[PDB]
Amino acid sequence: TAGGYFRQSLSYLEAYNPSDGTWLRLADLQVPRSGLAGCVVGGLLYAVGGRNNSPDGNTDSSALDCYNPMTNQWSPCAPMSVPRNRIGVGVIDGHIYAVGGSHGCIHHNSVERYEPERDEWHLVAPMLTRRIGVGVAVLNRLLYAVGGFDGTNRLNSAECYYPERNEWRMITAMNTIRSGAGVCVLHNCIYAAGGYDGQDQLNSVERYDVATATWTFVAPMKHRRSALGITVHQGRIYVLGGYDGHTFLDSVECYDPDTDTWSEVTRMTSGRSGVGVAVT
């Protein structure tokens, strides 16, 4: 996990071993950030977008930094065209897609594209919908933008991107309005975990099936959470960070796809929300 928020934006980069279970620090981020997204390309970990909500500022971030697990260094790469708080990111073929996010009162529909070989950014076609807190998942090398917030309404809609024609296509909407949900692909297709629908945080978790173009519910977690991190590696996806409306939650819940149960596995030293998570 990289970044996060508790009283202020955080520089924490700090891992967890579900095999061991203990918590230990690594190099801090260069600039504290929350509302960012994390992803891997070629083993390296890249923290993307966000903002630094601090006692002396609230600066939306257009930067992104690459970290290497071989040498514990964060190295700045080229920044985007605009800052993106509450961004969503998707990895196809080890390439970086930056989706939506906000800059001040502007809620982006713009999307950008980054190549770790070359280190650049270029604009692609805008989304149908402006989306901050948008969940982004990649499936069969298609880029999906799920839920979010357009500045007035929170969204249950989702849309798909085609890397060959620069066109966005609305698909079937989720059963639940979700902003700040945890969105990832597990096994077959797209999972949508938790989020905020404008009145409550969500523990219900939805799942999309592309062949049937159908969203179907799965067992809900024990504790609600929005602005959570999400990552896949060994199946059995965990949820880390978030917020339920009063306390910056301190639960790591684990959903098993076979028996479809949730149970709290562990906890890091402090509550936290708005993280960018990926695993190498």
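In case it trips you up, residue 1 is the first one in the sequence shown, and so on. Between two forms, the rigid core is the largest collection of C-alphas that superpose within 1.5 Å.
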Subject >> Segment of greater CA departure in 6 other deposited structures of this protein, 6-14 or 19-27, core superposed >> reply: 19-27
**OP:** State which stretch is farther from the displayed form on average in 6 other deposited structures of this protein, 31-39 or 250-258, counting RMS CA distance after fitting on the rigid core.
**Re:** 250-258
Subject >> Residue stretch of maximal mean CA temperature factor, 251-259 vs 221-229 >> reply: 251-259
Original post:
So 153-161 or 204-212, which one's hotter by mean CA B-factor in the entry?
Top reply: 204-212
Original post:
Can you tell me which of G180, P83, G88, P116 has the highest Cα temperature factor in the record?
Top reply: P116
**OP:** In terms of CA temperature factor as recorded, identify the highest of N175, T172, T129, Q73.
**Re:** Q73
Subject >> Where the record places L64 (Cα B-factor, split into thirds across the chain) >> reply: middle
**OP:** Rank-wise, by C-alpha B-factor, drop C105 into the lowest, middle or highest third of its chain.
**Re:** lowest
**OP:** Grab the CA temperature factor for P79 from the record and place it in the lowest, middle or highest third of its chain.
**Re:** middle
Original post:
What third of its chain's C-alpha B-factors does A125 belong to: lowest, middle or highest?
Top reply: middle
Original post:
Taking the entry's C-alpha B-factors for this chain, is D197 in the lowest, middle or highest third?
Top reply: lowest
